[PDB]
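Worksheet for the structure shown next.
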Amino acid sequence: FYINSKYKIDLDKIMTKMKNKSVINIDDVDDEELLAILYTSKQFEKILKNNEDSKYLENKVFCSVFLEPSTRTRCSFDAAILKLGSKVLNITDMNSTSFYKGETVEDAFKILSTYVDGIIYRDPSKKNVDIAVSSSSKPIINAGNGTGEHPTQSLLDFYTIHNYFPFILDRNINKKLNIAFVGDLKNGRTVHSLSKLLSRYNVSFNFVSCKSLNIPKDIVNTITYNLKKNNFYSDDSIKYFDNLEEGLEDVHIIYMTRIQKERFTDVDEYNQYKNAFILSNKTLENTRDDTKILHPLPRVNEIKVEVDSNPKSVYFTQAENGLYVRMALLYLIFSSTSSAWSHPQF
Amino acid sequence: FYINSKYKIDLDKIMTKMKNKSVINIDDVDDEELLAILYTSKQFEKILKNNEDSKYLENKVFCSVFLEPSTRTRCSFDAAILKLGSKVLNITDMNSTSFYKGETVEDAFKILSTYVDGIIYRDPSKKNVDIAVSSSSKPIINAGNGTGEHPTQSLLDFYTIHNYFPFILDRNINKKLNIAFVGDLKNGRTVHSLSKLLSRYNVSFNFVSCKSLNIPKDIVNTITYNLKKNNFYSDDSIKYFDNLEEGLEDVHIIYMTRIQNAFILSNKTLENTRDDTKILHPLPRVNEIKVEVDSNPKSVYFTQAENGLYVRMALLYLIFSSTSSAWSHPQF
Amino acid sequence: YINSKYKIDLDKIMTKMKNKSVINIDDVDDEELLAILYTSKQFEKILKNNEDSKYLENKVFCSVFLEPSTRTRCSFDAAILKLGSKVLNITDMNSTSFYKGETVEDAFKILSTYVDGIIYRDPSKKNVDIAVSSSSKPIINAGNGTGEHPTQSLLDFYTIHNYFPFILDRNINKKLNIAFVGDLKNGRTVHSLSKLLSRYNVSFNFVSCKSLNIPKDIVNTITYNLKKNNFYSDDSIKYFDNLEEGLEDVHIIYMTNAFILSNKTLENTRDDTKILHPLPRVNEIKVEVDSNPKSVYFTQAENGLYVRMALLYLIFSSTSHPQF
Ligand SMILES: NCCCc1ccccc1
Ligand SMILES: NCCCc1ccccc1
Ligand SMILES: NCCCc1ccccc1
Ligand code: NA
């Protein structure tokens with residue numbers, strides 16, 4: 001097994017280590033696990049795009065527990081399970097209060113855990129996902145909590161970037177990736193998580209925002225510590241801009257965030273913020289020719305429909321890639337055992 | 001090697017044309033396709049009634065999107081998918097506003113379309129289903145919208161009628177089917193759709209209604225155009241009545257509707273009908289049909305609802321099958 | 001096919017259980033209870049050894065839950081899916097909004113044409129019986145407001161039989177002593193289990209604050225059933241208002257404030273005592289007990305998987321049996 005046809009992947013060895021691992025945080029994924037996820041993820045991409053058998057995990061039964069509406073993420077996990085050939089029982093359209101009708105998180109996960117092979121859990125509370133992990137006799141995949149932990153979003157963001165700039169794996173001092181994060185860097189937690197993971201590689205960061213909504217010093221410290229550990233830190237590593245014109249020069253990746261209306265003092269600030277950072281074909285004319293545009297979605301006005309037609313636009317391929325990356329993670333974690341002949345290979 | 005009464009079906013040829021067809025409107029189904037749906041539909045009826053292997057479409061993953069409560073139709077589509085051996089992901093008990101959460105229908109179907117092989121979509125908005133079809137990289141089956149497009153209801157209504165009156169396929173000047181539509185002909189959109197399909201054959205129509213609630217001239221014109229194309233139109237093709245005793249004489253089919261005291265079906269009302277008369281109702285009923293009639297052999301509305309399973313299985317098989325061989329098709 | 005001592009004709013018992021509807025624990029006779037316990041154990045051992053569990057593929061069920069009972073719903077879904085079958089779900093609706101002015105008769109006459117069987121939970125007693133008379137397919141009652149909950153009763157019994165297998169023997173010399181603690185008036189899981197336990201050689205301690213004691217209705221049924229098997233005595237049914245007396249010489253404690261279970265309260269019970277609770281608990285059992293080896297309430301919940309798989313297998317199969 002090979003990735004970038006350069007890095008050799010012992011999926012037997014890496015699956016033995018990943019067996020029944022719970023994935024709460026992007027920090028629960030090390031270098032060799034990230035390689036295994038990217039290789040396996042690509043095999044699912046190529047098998048599904050060629051209309052081939054995808055049933056690499058058949059005999060499993062999951063429970064999906066979504067205690068807030070996040071239909072896109074929920075359907076993405078259901079599709080991955082179902083396309084792998086396994087089965088799922090769904091708990092949706094409930095919250096914390098209505099689902100845990102008094103009963104403790106501990107008791108609830110101790111019970112449900114005896115019914116199934118694993119649990120997909122989305123809950124705005126960060127408390128609950130950690131209680132779930134300590135009470136469950138089965139692996140949990142965090143599909144998102146209010147600490148901004150969303151490992152599969154982070155994983156799928158990375159897979160998308162690696163697809164166009166495979167050198168980001170190399171940790172080569174001469175092959176640096178430059179990325180701009182645009183919009184609400186304070187509340188865009190998908191930025192926080194992806195930044196942390198990108199930070200493990202040779203990466204420079206443009207943080208494009210309007211003071212009130214800047215990246216937290218929290219995440220800048222983590223980025224800095226991680227670049228220093230790999231001797232990729234310089235005074236050029238992290239740059240700050242309040243405008244696209246400067247923000248978007250010499251970056252391989254533009255990652256747009258949600259600018260939600262509920263986040264300003266009024267609709268005054270909002271429309272003066274939205275339309276400031278709105279992405280046009282005009283805004284993109286002075287970017288690199290190889291620039292790729294990511295957005296975790298849903299996009300509202302952040303990106304005008306005209307950009308969907310620009311070849312540098314890949315946000316929908318990004319969403320699509322979530323299927324392959326969730327299939328890969330499930331296969332690696334829940335596969336009963338490993339022989340080499342069993343593994344997805346196109 | 002595939003026949004419906006006496007007409008030979010090239011199911012291979014018809015499936016090549018139907019592959020990844022989106023079915024929004026009854027008019028998306030032509031003669032050859034309607035025959036394929038009726039043959040396939042009958043095969044599933046006979047396979048399920050004899051407790052036989054049903055799994056003619058495994059390996060497929062669907063999304064069902066119901067943005068209004070339509071539990072019976074939803075369960076019917078889920079049962080068809082599951083009994084064919086495929087799998088489905090459900091989005092229900094949400095509305096337009098609460099599901100799209102401000103995001104565009106275009107974006108939503110462009111994404112969901114990448115997760116699955118096909119989408120079942122029910123939405124009161126007619127706008128949304130057509131946007132979904134233009135934005136989706138996969139086939140859509142309309143499970144109902146507020147334009148009164150409901151192709152599988154129309155298809156299942158037709159399968160039920162053909163089951164008792166197979167001559168409706170013959171387009172024989174001497175073998176005419178007479179049907180009475182009773183109740184709210186203005187708002188009963190299942191009448192509108194079925195009329196349009198029946199209209200392609202040798203059929204006479206009794207439209208039995210209130211005053212405020214008669215069939216719209218829109219539908220009468222479509223019936224007339226379609227009868228004229230096959231030279232089955234006469235001044236006796238379309239008749240109007242305000243009462244059952246006249247409404248229900250010499251009609252092979254009675255099709256009752258949701259009439260939200262004068263258009264109530266009794267055993268008494270049915271004494272003046274033909275012996276071979278069959279009674280349809282898309283359901284749910286309230287008082288339009290008295291529980292008495294559920295015991296009358298002419299009553300087939302529950303077999304009709306049952307037939308929804310076989311017809312939705314047939315349509316999913318014909319659209320989503322990833323096949324090459326005649327031998328692989330249901331042939332029990 | 002044996003339970004060590006009793007030989008089971010699973011072929012013969014499945015022929016009689018085929019397409020049986022299960023509403024009430026009284027719909028299950030001796031032979032059927034044996035088949036459910038044998039089959040239940042086979043699925044326990046197959047799942048604990050990570051073996052193929054797909055003994056009922058090719059079926060499609062509908063699950064209709066018209067009140068929140070998420071644990072019970074998920075338990076049934078897991079059983080169906082682990083058997084290899086499929087299910088279509090109707091949940092997070094109630095009676096009013098589900099039967100949108102349409103009759104239960106029409107609803108079940110239609111839905112029953114779409115699927116091989118129906119799991120139905122509804123607080124109304126009326127509705128489950130209408131559903132059974134109007135359905136062309138078998139119904140499993142997952143709970144109604146008459147306190148009929150056969151699979152809870154079945155799973156309670158399997159749990160007890162697991163530690164005290166002699167409860168099957170109807171041996172005058174091998175008696176099981178059980179204490180039911182808490183709200184015996186409203187705890188309908190007590191009523192149903194009492195009725196089933198009553199068919200065997202069992203003595204009952206009813207521990208409550210009087211206002212909430214077991215209804216005379218249930219005591220009469222316990223007495224009729226003990227008399228039919230000549231296990232009734234003046235010691236068959238005792239009443240207490242306190243644990244220290246309540247919990248002496250009882251093989252089973254079944255929990256449903258002086259009725260709160262501590263490690264302290266458990267010190268003067270038998271060494272073989274096992275603690276059941278249908279769950280969810282609040283304070284009736286302190287988290288400290290969850291660490292006591294007598295504590296088996298979570299194994300009990302777990303056993304609901306094996307027992308619902310067994311019941312679905314026995315009713316909907318068309319037959320090679322689960323073994324080993
Ligand atoms: N909150 C928006 C949900 C719409 C959607 C569902 C599944 C996939 C893509 C979009
Ligand atoms: N709100 C009406 C639901 C009744 C019904 C459910 C499923 C199938 C047939 C009828
Ligand atoms: N009383 C809250 C229900 C929580 C639960 C869900 C599924 C399985 C077990 C418990
Ligand atoms: Na499902």
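Worth knowing before you read on, the calculation uses all heavy atoms, side chains too, and leaves out hydrogens, waters and symmetry mates. Below, chain A is the first sequence line, B the second, and so on; all start at residue 1. Counting starts at 1 for both ligands and their atoms, following the listed order.
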Show me which atoms of ligand 3 lie under 4.0 Å from any heavy atom of A:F99. 2 (C), 3 (C)
Please say which of C:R71, C:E302, C:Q300 ends up in a side-chain contact (heavy atoms from CB on, under 4.5 Å) with A:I111. C:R71
For the NZ atom on A:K101, are there more than 12 heavy atoms of other groups (residues, nucleotides or ligands in this structure) within a distance under 6.0 Å? no
N-O pairing of C:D290 and C:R281 below 4.0 Å: yes
closest protein heavy atom to atom 10 (C) of ligand 3 is C:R71 CB, 3.7 Å
Number the atoms of ligand 1 from 1 as they appear, then name those within less than 4.0 Å of a heavy atom of A:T71, with their elements. 3 (C), 6 (C)
How far is atom 1 (N) of ligand 3 from the closest protein heavy atom, and which atom is that? A:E103 OE1, 2.9 Å
For atom 9 (C) of ligand 3, which protein heavy atom lies nearest, and how many Å away is it? A:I111 CG2, 3.3 Å
Thinking salt bridges, do A:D93 and A:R74 make one under a 4.0 Å N-O criterion? no
Return a yes/no value for A:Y115: is any of its N or O atoms, backbone included, closer than 3.5 angstrom to an N or O of ligand 3? no
Taking the non-hydrogen atoms of A:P298, is any one of them nearer than 4.0 angstrom to ligand 1? no
Going by an N to O cut-off under 4.0 Å, is there a salt bridge joining A:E302 and A:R258? no
